[PDB]
Amino acid sequence: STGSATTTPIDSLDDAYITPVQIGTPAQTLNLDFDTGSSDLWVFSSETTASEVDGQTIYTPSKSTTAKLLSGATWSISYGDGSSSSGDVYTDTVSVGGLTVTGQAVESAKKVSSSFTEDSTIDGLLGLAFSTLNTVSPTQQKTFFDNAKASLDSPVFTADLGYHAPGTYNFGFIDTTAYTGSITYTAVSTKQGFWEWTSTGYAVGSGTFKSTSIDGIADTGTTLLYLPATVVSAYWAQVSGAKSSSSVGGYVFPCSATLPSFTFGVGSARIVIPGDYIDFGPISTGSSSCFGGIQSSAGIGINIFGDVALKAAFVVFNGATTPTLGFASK
């Protein structure tokens, strides 16, 4: 089997991407944030504290003939950005782009943090990291991909995120028309439960490539590119007037600037992030200070190849017995 679904930016900045997901019988379609940095499929639901729902579409398990309470199971998750959610668990039929999993754990939120409430466009998350990170207790549950894997034509999914435009998540096949040149594959460590890999270096604009190992995670659920302070300083030093602002929470730059590109290495291959991808616009409405899309990972504890990086590539998440990651230009 295979599946193919379009993923759409939630706003004009590509702050996140939503993908429609069918849950239950008859189908209830919710728009979920596909997150290769976590491993819970959770949704706003009829059980979510009413004051914490503000415009989201909810899953109502009582209206699904295939929903079953997973007795005794609870979940609770905290994300890198400080947001969180928790609740209980149902199993139900879940379909993405024509690919169907029966008995998928659907984690129903009883509580969500303010960031989730305030984002009316995201109805929940669909985790695509390794199932070892799943938070369901006392019986850990599998991700949608893990459940689908044996049925897929090939045990892979691909992320093809757009810049200010829709893109695609495919399951079970590699669309050879969706990228240019060849796909370069690179080793993955699953030791921390993430799609963790090592970039071979970077360049800023038309500058020389610096060969240096940068361990980080491929994370579709993180907006920006978070890299070591040395790398980030070298980038922003090429932008007149750019500075790190503790008050704003990172590097800012004059909105009048033309940003240089940023290249990262995948083995001997190179992925070029155009400068425009690094512009996250005014820090507040009407400001002439703009927020940078490349930020320091210092104090995160891990480097994160988030959407800024991933949307410059066609990315293969290869879930073979020994997982690997593939990157192609597009």
# chains A, B, ... in the order shown; residues from 1 in each chain; ligands from 1
>>> select_by_dssp(residues="segment 172-209 of chain A", states="strand (DSSP E)", output="VMD selection string")
chain A and resid 184 to 187 196 to 204
>>> residues_around(residues="segment 134-151 of chain A", least_positions_apart="3", cutoff="6 Å", atoms="only C-alpha atoms", output="MDAnalysis selection string")
chainID A and resid 1 39:40 73:75 131 155
>>> residues_around(residues="segment 179-184 of chain A", least_positions_apart="4", cutoff="10 Å", atoms="only C-alpha atoms", output="number ranges by chain")
A: 160, 174-175, 266-270, 313-316, 325-330
>>> residues_around(residues="segment 20-30 of chain A", least_positions_apart="2", cutoff="6 Å", atoms="only C-alpha atoms", output="PyMOL selection string")
chain A and resi 64-66+92-96+123
>>> residues_around(residues="segment 249-261 of chain A", least_positions_apart="6", cutoff="6 Å", atoms="only C-alpha atoms", output="PyMOL selection string")
chain A and resi 205+242-243+273-275+288-292
>>> residues_around(residues="residue 265 of chain A", least_positions_apart="3", cutoff="10 Å", atoms="only C-alpha atoms", output="list in words")
residues 198, 199, 200, 201, 202, 203, 209, 210, 211, 212, 213, 214, 268, 269, 270, 271, 272 and 327 of chain A
>>> write_last_selection(atoms="N, CA, C and O atoms", output="PDB file, in the first residue's frame")
ATOM      1  N   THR A 198      24.204  13.200  10.980  1.00  0.00           N
ATOM      2  CA  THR A 198      25.341  14.105  11.083  1.00  0.00           C
ATOM      3  C   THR A 198      25.593  14.777   9.746  1.00  0.00           C
ATOM      4  O   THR A 198      26.011  14.139   8.791  1.00  0.00           O
ATOM      5  N   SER A 199      25.335  16.072   9.697  1.00  0.00           N
ATOM      6  CA  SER A 199      25.676  16.887   8.538  1.00  0.00           C
ATOM      7  C   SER A 199      27.194  17.018   8.426  1.00  0.00           C
ATOM      8  O   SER A 199      27.903  17.052   9.431  1.00  0.00           O
ATOM      9  N   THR A 200      27.687  17.124   7.199  1.00  0.00           N
ATOM     10  CA  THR A 200      29.120  17.185   6.956  1.00  0.00           C
ATOM     11  C   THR A 200      29.693  18.607   6.907  1.00  0.00           C
ATOM     12  O   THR A 200      30.904  18.778   6.740  1.00  0.00           O
ATOM     13  N   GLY A 201      28.845  19.626   7.059  1.00  0.00           N
ATOM     14  CA  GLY A 201      29.346  20.981   7.180  1.00  0.00           C
ATOM     15  C   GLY A 201      28.397  22.016   6.626  1.00  0.00           C
ATOM     16  O   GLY A 201      27.217  21.720   6.418  1.00  0.00           O
ATOM     17  N   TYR A 202      28.907  23.216   6.373  1.00  0.00           N
ATOM     18  CA  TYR A 202      28.058  24.314   5.946  1.00  0.00           C
ATOM     19  C   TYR A 202      28.825  25.375   5.181  1.00  0.00           C
ATOM     20  O   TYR A 202      30.059  25.453   5.233  1.00  0.00           O
ATOM     21  N   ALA A 203      28.070  26.190   4.458  1.00  0.00           N
ATOM     22  CA  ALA A 203      28.609  27.409   3.866  1.00  0.00           C
ATOM     23  C   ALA A 203      27.585  28.523   4.036  1.00  0.00           C
ATOM     24  O   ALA A 203      26.380  28.273   4.129  1.00  0.00           O
ATOM     25  N   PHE A 209      32.919  26.220   1.701  1.00  0.00           N
ATOM     26  CA  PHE A 209      32.308  25.222   2.547  1.00  0.00           C
ATOM     27  C   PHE A 209      33.265  24.830   3.669  1.00  0.00           C
ATOM     28  O   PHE A 209      34.450  24.558   3.434  1.00  0.00           O
ATOM     29  N   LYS A 210      32.727  24.820   4.885  1.00  0.00           N
ATOM     30  CA  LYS A 210      33.433  24.397   6.083  1.00  0.00           C
ATOM     31  C   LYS A 210      33.057  22.961   6.404  1.00  0.00           C
ATOM     32  O   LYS A 210      31.903  22.664   6.724  1.00  0.00           O
ATOM     33  N   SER A 211      34.038  22.074   6.321  1.00  0.00           N
ATOM     34  CA  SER A 211      33.823  20.678   6.641  1.00  0.00           C
ATOM     35  C   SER A 211      33.879  20.502   8.147  1.00  0.00           C
ATOM     36  O   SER A 211      34.925  20.720   8.779  1.00  0.00           O
ATOM     37  N   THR A 212      32.751  20.098   8.718  1.00  0.00           N
ATOM     38  CA  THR A 212      32.633  19.922  10.153  1.00  0.00           C
ATOM     39  C   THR A 212      31.383  19.112  10.436  1.00  0.00           C
ATOM     40  O   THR A 212      30.362  19.301   9.789  1.00  0.00           O
ATOM     41  N   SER A 213      31.490  18.171  11.363  1.00  0.00           N
ATOM     42  CA  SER A 213      30.362  17.298  11.693  1.00  0.00           C
ATOM     43  C   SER A 213      29.386  18.004  12.606  1.00  0.00           C
ATOM     44  O   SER A 213      29.764  18.507  13.662  1.00  0.00           O
ATOM     45  N   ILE A 214      28.124  18.049  12.186  1.00  0.00           N
ATOM     46  CA  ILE A 214      27.054  18.665  12.972  1.00  0.00           C
ATOM     47  C   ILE A 214      25.966  17.630  13.173  1.00  0.00           C
ATOM     48  O   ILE A 214      25.202  17.332  12.258  1.00  0.00           O
ATOM     49  N   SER A 268      28.738  13.975   0.671  1.00  0.00           N
ATOM     50  CA  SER A 268      29.432  14.850  -0.270  1.00  0.00           C
ATOM     51  C   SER A 268      28.473  15.796  -1.006  1.00  0.00           C
ATOM     52  O   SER A 268      28.905  16.624  -1.809  1.00  0.00           O
ATOM     53  N   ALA A 269      27.176  15.661  -0.737  1.00  0.00           N
ATOM     54  CA  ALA A 269      26.165  16.491  -1.376  1.00  0.00           C
ATOM     55  C   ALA A 269      25.901  17.769  -0.567  1.00  0.00           C
ATOM     56  O   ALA A 269      26.314  17.897   0.596  1.00  0.00           O
ATOM     57  N   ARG A 270      25.197  18.706  -1.184  1.00  0.00           N
ATOM     58  CA  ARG A 270      24.969  20.020  -0.587  1.00  0.00           C
ATOM     59  C   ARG A 270      23.520  20.409  -0.806  1.00  0.00           C
ATOM     60  O   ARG A 270      23.009  20.282  -1.913  1.00  0.00           O
ATOM     61  N   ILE A 271      22.858  20.877   0.247  1.00  0.00           N
ATOM     62  CA  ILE A 271      21.505  21.421   0.147  1.00  0.00           C
ATOM     63  C   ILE A 271      21.598  22.916   0.406  1.00  0.00           C
ATOM     64  O   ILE A 271      22.140  23.335   1.436  1.00  0.00           O
ATOM     65  N   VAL A 272      21.053  23.708  -0.518  1.00  0.00           N
ATOM     66  CA  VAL A 272      21.100  25.163  -0.420  1.00  0.00           C
ATOM     67  C   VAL A 272      19.756  25.706   0.024  1.00  0.00           C
ATOM     68  O   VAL A 272      18.737  25.507  -0.635  1.00  0.00           O
ATOM     69  N   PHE A 327      18.434  12.908   1.370  1.00  0.00           N
ATOM     70  CA  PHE A 327      18.173  14.285   0.971  1.00  0.00           C
ATOM     71  C   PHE A 327      18.481  14.467  -0.503  1.00  0.00           C
ATOM     72  O   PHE A 327      19.538  14.055  -0.966  1.00  0.00           O
TER      73      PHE A 327
END
>>> select_by_dssp(residues="segment 253-323 of chain A", states="alpha helix (DSSP H)", output="ChimeraX atom specification")
/A:307-310
>>> write_last_selection(atoms="C-alpha atoms", output="short mmCIF file (atom, residue, chain, number, x, y, z; two decimals), in the first residue's frame")
data_model
loop_
_atom_site.label_atom_id
_atom_site.label_comp_id
_atom_site.auth_asym_id
_atom_site.auth_seq_id
_atom_site.Cartn_x
_atom_site.Cartn_y
_atom_site.Cartn_z
CA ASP A 307 11.36 23.26 8.42
CA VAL A 308 13.72 26.05 7.26
CA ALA A 309 16.21 23.35 6.28
CA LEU A 310 13.86 20.53 5.32
#
>>> closest_residue(among="A:226, A:34, A:305, A:44", to="residue 168 of chain A", atoms="only C-alpha atoms")
A:34
>>> closest_atom_pairs(of="segment 5-93 of chain A", to="segment 98-116 of chain A", cutoff="10 Å", atoms="only C-alpha atoms", output="tab-separated table")
residue	atom	partner	partner_atom	distance
A:5	CA	A:98	CA	8.0
A:21	CA	A:98	CA	9.5
A:22	CA	A:100	CA	8.9
A:23	CA	A:106	CA	8.5
A:24	CA	A:102	CA	9.5
A:40	CA	A:107	CA	7.3
A:41	CA	A:106	CA	5.8
A:42	CA	A:107	CA	4.3
A:43	CA	A:108	CA	5.4
A:44	CA	A:109	CA	5.5
A:45	CA	A:108	CA	5.8
A:46	CA	A:108	CA	8.3
A:47	CA	A:110	CA	5.3
A:48	CA	A:110	CA	4.1
A:49	CA	A:110	CA	5.8
A:50	CA	A:110	CA	9.2
A:51	CA	A:111	CA	9.7
A:52	CA	A:112	CA	6.6
A:53	CA	A:112	CA	8.6
A:54	CA	A:116	CA	9.1
A:56	CA	A:116	CA	9.4
A:58	CA	A:108	CA	9.4
A:59	CA	A:108	CA	7.8
A:60	CA	A:108	CA	9.1
A:61	CA	A:108	CA	8.8
A:66	CA	A:103	CA	8.7
A:67	CA	A:103	CA	8.6
A:68	CA	A:103	CA	8.8
A:69	CA	A:106	CA	9.6
A:70	CA	A:105	CA	8.1
A:73	CA	A:107	CA	9.2
A:74	CA	A:107	CA	8.1
A:75	CA	A:107	CA	7.2
A:76	CA	A:109	CA	9.0
A:77	CA	A:112	CA	9.7
A:78	CA	A:113	CA	9.5
A:81	CA	A:115	CA	9.5
A:82	CA	A:113	CA	8.8
A:83	CA	A:113	CA	5.7
A:84	CA	A:113	CA	5.3
A:85	CA	A:112	CA	4.2
A:86	CA	A:109	CA	5.3
A:87	CA	A:109	CA	4.4
A:88	CA	A:108	CA	5.4
A:89	CA	A:107	CA	4.4
A:90	CA	A:106	CA	5.2
A:91	CA	A:105	CA	4.5
A:92	CA	A:103	CA	5.1
A:93	CA	A:102	CA	4.4
>>> residues_around(residues="residue 188 of chain A", least_positions_apart="6", cutoff="7 Å", atoms="only C-alpha atoms", output="PDB file with N, CA, C and O atoms, in the first residue's frame")
ATOM      1  N   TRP A 195      15.130  11.021  14.367  1.00  0.00           N
ATOM      2  CA  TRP A 195      15.819  10.849  13.096  1.00  0.00           C
ATOM      3  C   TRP A 195      17.092  11.692  13.175  1.00  0.00           C
ATOM      4  O   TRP A 195      17.167  12.801  12.644  1.00  0.00           O
ATOM      5  N   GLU A 196      18.086  11.148  13.870  1.00  0.00           N
ATOM      6  CA  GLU A 196      19.302  11.875  14.204  1.00  0.00           C
ATOM      7  C   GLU A 196      20.398  11.488  13.230  1.00  0.00           C
ATOM      8  O   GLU A 196      20.642  10.311  12.983  1.00  0.00           O
ATOM      9  N   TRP A 197      21.079  12.486  12.690  1.00  0.00           N
ATOM     10  CA  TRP A 197      22.059  12.266  11.643  1.00  0.00           C
ATOM     11  C   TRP A 197      23.171  13.293  11.802  1.00  0.00           C
ATOM     12  O   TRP A 197      23.108  14.153  12.671  1.00  0.00           O
ATOM     13  N   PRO A 323      17.541   2.149   9.889  1.00  0.00           N
ATOM     14  CA  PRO A 323      17.027   3.368   9.254  1.00  0.00           C
ATOM     15  C   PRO A 323      18.117   4.287   8.702  1.00  0.00           C
ATOM     16  O   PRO A 323      19.230   4.314   9.238  1.00  0.00           O
ATOM     17  N   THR A 324      17.777   5.027   7.648  1.00  0.00           N
ATOM     18  CA  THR A 324      18.641   6.062   7.102  1.00  0.00           C
ATOM     19  C   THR A 324      17.789   7.264   6.698  1.00  0.00           C
ATOM     20  O   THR A 324      16.565   7.180   6.679  1.00  0.00           O
ATOM     21  N   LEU A 325      18.446   8.379   6.400  1.00  0.00           N
ATOM     22  CA  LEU A 325      17.778   9.568   5.890  1.00  0.00           C
ATOM     23  C   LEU A 325      18.348   9.889   4.531  1.00  0.00           C
ATOM     24  O   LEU A 325      19.560   9.799   4.339  1.00  0.00           O
TER      25      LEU A 325
END
>>> closest_residue(among="A:221, A:216, A:12, A:97", to="residue 33 of chain A", atoms="only C-alpha atoms")
A:221
>>> atom_distance(atom1="atom CA of residue 322 of chain A", atom2="atom CA of residue 191 of chain A")
12.3 Å
>>> closest_residue(among="A:234, A:320, A:14, A:303", to="residue 277 of chain A", atoms="only C-alpha atoms")
A:14
>>> closest_residue(among="A:294, A:218, A:287, A:117", to="residue 186 of chain A", atoms="only C-alpha atoms")
A:218
